[PDB]
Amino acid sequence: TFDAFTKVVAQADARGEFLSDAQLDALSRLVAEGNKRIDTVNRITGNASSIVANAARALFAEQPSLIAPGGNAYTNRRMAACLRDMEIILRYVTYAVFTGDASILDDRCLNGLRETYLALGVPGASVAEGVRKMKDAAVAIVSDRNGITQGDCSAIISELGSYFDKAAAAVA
């Protein structure tokens, strides 16, 4: 896996070059925005349970066939597995925000998830929808102006969104 820094390092080593000023300056800005990145991680983490619980409930509300007997989320074992995958994806999204690179999420979580789901008959379109709900909740929690020094978190919010989008597309 890479973090934002080792990612750029790998690109430069492959060409046998020192980082360029553009590369160094880009990492400088990331550094300068670091408190926001940390607040983004903390805020999602602090609300993890309710992000999962509430998106799950809304998912089952809109898709009652998932919880009907014979549904994919019917029985407590399958409901537990389903709640667990929700939390796993949210967890790995927070890792990507923390390192500033998608690789932890792609390499350790999303890669081969579609195939996993196909074999079990987990409906990936419903997973994707659950993820999208978590995304919307997570974004509103991070953007919330209360109890925090005020400023512009649009870059970190956009990066965050992008990781949720990867998660939903990896199973959709």
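One-based numbering along the sequence shown.
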remark   = Higher avg CA temperature factor (19 to 27 vs 6 to 14, as deposited) belongs to 19 to 27
request  = On mean C-alpha B-factor from the PDB entry, just flag whether 106 to 114 or 134 to 142 is the higher one.
outcome  = 106 to 114
query = Going by the entry, which of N54, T45, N35, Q63 has the most elevated CA B factor?
reply = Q63
request  = Ordered by C-alpha B-factor within the chain, which third holds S162? Give me lowest, middle or highest, please.
outcome  = lowest
inquiry  = Lowest, middle or highest third: which one holds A128 when the chain's residues are ordered by CA B-factor from the entry?
reply    = middle
message = Quick check for you: using the entry's CA B-factors within this chain, is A119 in the lowest, middle or highest third?
response = highest
